[PDB]
């Protein structure tokens, strides 16, 4: 729970949380406010469960796509930076964090997936997904593999699903059609089918996750991985000479990654809303602030103009933004959570062979549009069945007390029902078959 005078921050465990803790420390020495940074597991899921009751951190860091739902639920404090501060950031990073006309978080950095490759094993990375199988057969003879990346999170597979035409929610007339899903069209199918065939032909393992892929690449066992800018520092500490480049094409079309905007939202339940703005605006979103974080784990293309003109000169950032130009900014609508869950189930289920690609994506389609039942809807159902049982119970209480039926000492209401049937001229067999 939040309490006046201190600041607690939640950020994902793959971001530079020590670097950010360094920013809170300098914030503590200047103002005397202690700042604790924490990287709990599944924080994008825990926050909406505890913020409702008033708990959660002061600030929550995540990509912009989850913030619309948070705001829809009233969990986020409206952000109102002065004009002078708004002009410090690229306008399009502000667009990413505006929901229903209001700013619901501070944008931090732009993230896109790129192809990361081992220049020593692979001086010339492939330009196409199609040549990866042959490349893997060649490397497998030397004890290596072509490509490993996280298959448990649809974020990493979506660039390939969207290459040939797959899309989450169609954008038309200036809006997102919560009810036009493109996870089951020919383009999406072709992409997921190629990925599953990679597994069938034993070029990838269905159970490969984030840490397995990162280990294999950082140890030099795989020639390529797909990851974001946060991964670079761990490769830097390794003996691998890597390059960051454009993702491969599929059927001649570019891979289209979903582009994330790492953002910091303020808990509407927080008693330190002003202290959090002072920290975010005048400590984190500064050259020295982002630098301290970026030096920990690279941020990507930061939203702060003054510091991005520097980072934009890193060829790895230029490749990140090359991939981001071919991708799309993720929607922030509340249904993005349902989209991500459904597509996650589809990828995992087709990769494992539990479902065909057709069946997996067919179900993902309906799931990604499925509306979550409201609290009142659940309560209507719960009360109806309560009522249904209470009415029956009172009828059988009456039959038992006044029926004077020949019932055993202990018997269920089916037996009472039977004695009521017999009384009313009915015959009831052992299995319930009933007639006059």
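Numbering follows the first chain given and starts at 1.
Stretches compared: 381-389, 39-47. Higher mean C-alpha B-factor in the entry: 39-47. Stretches 278-286 and 256-264 differ in mean CA B factor, with 278-286 having the higher one. The PDB entry assigns the greatest CA B-factor among 115, 212, 172, 351 to 172. In this entry, the residue among 74, 300, 107, 327 with the greatest C-alpha B factor is 74.
When all modelled residues of the chain are sorted by CA temperature factor, residue 70 is found within the middle third. The PDB entry assigns residue 304 a C-alpha temperature factor belonging to the highest third of its chain's modelled residues. Residue-level temperature factors show residue 270 in the highest third of its chain, judged at the C-alpha atom. The PDB entry assigns residue 123 a C-alpha temperature factor belonging to the highest third of its chain's modelled residues. Ranked against the other modelled residues of its chain, the C-alpha B-factor of residue 149 as given in the entry falls in the lowest third.
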